[PDB]
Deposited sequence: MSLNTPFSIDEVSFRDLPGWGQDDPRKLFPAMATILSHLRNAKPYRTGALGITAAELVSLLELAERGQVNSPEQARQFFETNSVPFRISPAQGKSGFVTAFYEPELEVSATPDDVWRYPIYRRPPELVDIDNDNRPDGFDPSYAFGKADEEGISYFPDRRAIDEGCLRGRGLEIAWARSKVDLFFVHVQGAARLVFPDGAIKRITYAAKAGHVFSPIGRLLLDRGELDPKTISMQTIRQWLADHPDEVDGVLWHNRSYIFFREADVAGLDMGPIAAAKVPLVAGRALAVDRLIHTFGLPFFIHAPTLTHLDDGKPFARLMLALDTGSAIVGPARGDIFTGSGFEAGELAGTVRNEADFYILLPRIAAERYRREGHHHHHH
């Protein structure tokens, strides 16, 4: 792919965007980077230290209007069009009904990370282990592959006190694995937030593609909503389809915290390809066919790269965070739109790309 310098005049709708919510988000990133290991430098090449230079300028400033907010970026960053067109989908934090006590209704456990689910690197990777696996099972025999979604759903983790709570819908819980976070609501009104902690290690397989490939759904209409309808209409076939996704997500109690280790901001956080991009950088996203997140107007806004996902692959691929709960989910479920991606580089970093 290529990235090419443009002017802020070239960013359609830039002049009409109000990026004020990015300033508290940038403050959370700066706080994090001052007390944690730095973000991985993306293949594009912007370092966390280069990002910090922009974050520190924001810290020093005072923004008190949409115009002052835009001016901050115009003064302190340089925009570049990313050329692979780009493509956006959306994600959200679902609300999931749960119980602290299992029974015939509340039957689907939500698990914390098992102590035998170890990170893998050179120090412990066994001979012949798939070098793409980031997790494995520590046993007496060394390290082996961790069980897959099917084996876990069939009960291999039971009776160990690993459950956070029990859900009553396997499909709703599946979609929580896909989103990577949830707000758990208990029958007494208590709320617990959970977010990704680790995973079994297996590749993610999208069930939407499985259903399209099998001719079960129409590619012209496919959405979260039609996938959920198909699954609701085929209860006896649900396990076979869900278990095609061998990946299984383990959670911890904690917008939700995500891969950039800071809370997401509804409508302003973007998930990006973790190999290519560095977290925390601003992206201006222009998706003129996407109108239902702007009350009929085209989507054109500055966002921060604050998460990643297995399905998010490519230099101009993104997942827009729509927020938390039911309506956020309805909004997210149909996002599937062409988009132009522009990255804003801190001005010291920008020179080598010019």
Q: Residue ranges with no C-alpha coordinates, please: along the deposited sequence, counted from 1, in order.
A: 1-6, 91-94, 265-271, 372-380
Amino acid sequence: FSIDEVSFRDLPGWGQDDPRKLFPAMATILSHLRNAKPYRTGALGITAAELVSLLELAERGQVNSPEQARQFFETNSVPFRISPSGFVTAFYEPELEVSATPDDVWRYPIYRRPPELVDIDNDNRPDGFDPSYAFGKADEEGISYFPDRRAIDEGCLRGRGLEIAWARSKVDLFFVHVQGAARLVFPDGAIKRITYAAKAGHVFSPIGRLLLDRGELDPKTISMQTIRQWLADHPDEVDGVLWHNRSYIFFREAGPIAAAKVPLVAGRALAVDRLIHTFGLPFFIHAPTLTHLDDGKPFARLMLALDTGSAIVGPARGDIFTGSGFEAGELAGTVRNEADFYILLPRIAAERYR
From here on, numbers count along this sequence of modelled residues.
Q.
Using only C-alpha atoms and the B-factors in the entry, which stretch averages higher, 214-222 or 260-268?
A. 214-222
Q: Using only the Cα atoms and their B-factors as the entry lists them, report which of 68-76 and 196-204 averages higher.
A: 68-76
Q.
So if I compare the CA B-factors in the entry for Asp172, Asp233, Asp123, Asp119, which one is the largest?
A. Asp123
(Q) Ranking the modelled residues of this chain by C-alpha B-factor as given in the entry, is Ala25 in the lowest, middle or highest third? (A) lowest
Q: Taking the chain's C-alpha temperature factors as the reference, tell me which third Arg81 falls into: lowest, middle or highest.
A: highest
Q. According to the PDB entry, is the CA B factor of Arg149 in the bottom, middle or top third of its chain, that is, lowest, middle or highest?
A. lowest
(Q) Ranking the modelled residues of this chain by C-alpha B-factor as given in the entry, is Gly136 in the lowest, middle or highest third? (A) lowest
Q. Taking the C-alpha B-factors as the PDB entry records them, is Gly142 in the lowest, middle or highest third of its chain?
A. highest
